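First, one chain by itself in structure tokens, the form deposited in one PDB entry.
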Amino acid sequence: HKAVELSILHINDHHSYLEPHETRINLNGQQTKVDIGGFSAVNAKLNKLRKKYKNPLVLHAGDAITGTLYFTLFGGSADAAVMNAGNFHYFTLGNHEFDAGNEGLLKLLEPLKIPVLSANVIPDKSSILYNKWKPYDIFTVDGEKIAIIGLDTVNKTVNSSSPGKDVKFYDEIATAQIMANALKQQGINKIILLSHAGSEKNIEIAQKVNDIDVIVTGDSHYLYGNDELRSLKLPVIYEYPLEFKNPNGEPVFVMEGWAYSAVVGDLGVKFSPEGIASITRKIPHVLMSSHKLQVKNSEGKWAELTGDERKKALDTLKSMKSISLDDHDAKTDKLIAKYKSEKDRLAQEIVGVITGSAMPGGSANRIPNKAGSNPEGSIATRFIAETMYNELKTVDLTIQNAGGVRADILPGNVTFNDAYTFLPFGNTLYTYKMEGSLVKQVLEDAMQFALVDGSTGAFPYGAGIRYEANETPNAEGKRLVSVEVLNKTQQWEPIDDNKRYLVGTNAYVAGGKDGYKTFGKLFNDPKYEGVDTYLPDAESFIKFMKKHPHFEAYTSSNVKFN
């Protein structure tokens, strides 16, 4: 065994953020709007750093895809192209990789030339994903063997993404230890884990599992930082590398690179002959533009700095080692110019007009009456539900999960791109015939998942149904105070547990995802006459808008949540 030094460069969770995005910092004492990220800055910085450092190891810790129109419109081909241009050594699968099913994942993997690793996600032989990735790789540096293992988060993928049933998932901690243990007898004492299990689970692995030296993290989107970054009031969660001792007393380093192509992590690691890691360099590079520097003027208006105030702002950023200004890569610039111009072209198309008041939607408004939300919660989800109700003509009632609607819906023109921003998942519409008591329970299941067990995106809003609920469950464990269904006489009347209703919803929750346990029990059980309408979600919405000139926005969500 010999000692070796590695230069780890990594990103994670870029989520199809190919362009820079806006963030706020505290610079020279003032809240300042700047632009950060974009894949051009990422590839440029990776290219420069890798050429400067010995033994570069370039990693992407997962969730390359989903989150912007660059995914929705181009099905992952845009992301594959920019990642190829980055010449990453390895990519691990995240949870959102499965958001569009095995088919969706395949469309990313076909054009991707980066080796893919995932040890706890294993496709059956009949899967279209069979032989598309390996559990680990071994590469050699200066004579010595180093192993790298891939790992994915399980529950969030299985419960809230859409992996095919022919893809099997295994416990994160056990997989990490079994993999690492097996690698030892191949003469290996230097082991990297490229893990989308999230910071919480990766920290648990560092504390409970032996033989793993560095855990490059994805899924939690945490900025790991330093005093420089803290001085700018960036959202620093942890120091960049956390250092733990495993049960054998060996150091384990854990780190993430924020998200949305904002950061390139830069960790220089020295391994002793016996495989004990130590840190030689540690820099989270925040990728920032120098072009946007806006501060509120004396009137309260965001205005670009000018004159010497601007010079001072720029000069301060230049003085920081963890800030990287105006990186850009020509090859990546061209790729992004191509897709961006096609995206802009598509947005030229107006599909309709909404009048009136803005309809709150997106993450912050998923649950009514919470901090960050508003008293009605996701009116935009109620609106989408009304849209499904109308185009499913014969239905008594529709339910849509708040996570299925990705933004506020504002008055004015609605573009083709807006439709695919609100509804990016490509679900078809689905219907069941089910009794009133079952409708009540599916609402309970969804709220339990949204409020306790899983994702806020589960929170349910409906059309032709309205309800009141409390955060705090009561005696018999229930949250529902009352539910009413619209008599299609046009009068609202209490739901009765024993009548059979035709219920419309999207195919995602229809399969039991997002904790819609009842729906999942009904699925593939003739007794409930489930039917895939094959009507695509966004296409159906565009049709709705074309058939409803000047649609008046809703001002309530059909949910009263205490």
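The numbering used is simple: start at 1 and walk along the sequence shown.
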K245 to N246: deposited residues without atomic coordinates = none
Comparing 291 to 299 with 400 to 408, which has the greater mean CA B-factor as deposited?
-> 291 to 299
Between 171 to 179 and 369 to 377, which has the higher average C-alpha B-factor in the PDB entry?
-> 369 to 377
Which one, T332, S118, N155, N487, has the peak C-alpha temperature factor per the PDB entry?
-> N487
In this crystal structure's PDB entry, the residue among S437, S278, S261, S199 with the greatest CA B factor is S437
What third of its chain, lowest, middle or highest, does the C-alpha temperature factor of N47 fall into?
-> middle
B-factor third for the C-alpha atom of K318 within its chain | highest
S162: CA temperature factor from the record, placed by chain third, in the lowest
Ordered by C-alpha B-factor within the chain, which third holds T505? Give me lowest, middle or highest, please.
-> middle
Just say lowest, middle or highest third for the CA B-factor of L69 relative to the other modelled residues in its chain.
-> middle
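The protein also exists as the form deposited in another entry; that form is not presented, and the subsequent description refers to it.
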Looking at the change between the shown form and the other one, work out which of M320, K499, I276, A347 is at the hinge joining the two rigid parts.
-> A347
What changes in that other deposited form is the Cα distance between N427 and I122, by 3 Å or more; the two atoms are farther
Since the Cα separation of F519 and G164 moves by 3 Å or more in that other deposited form, tell me which way: closer or farther than here.
-> farther
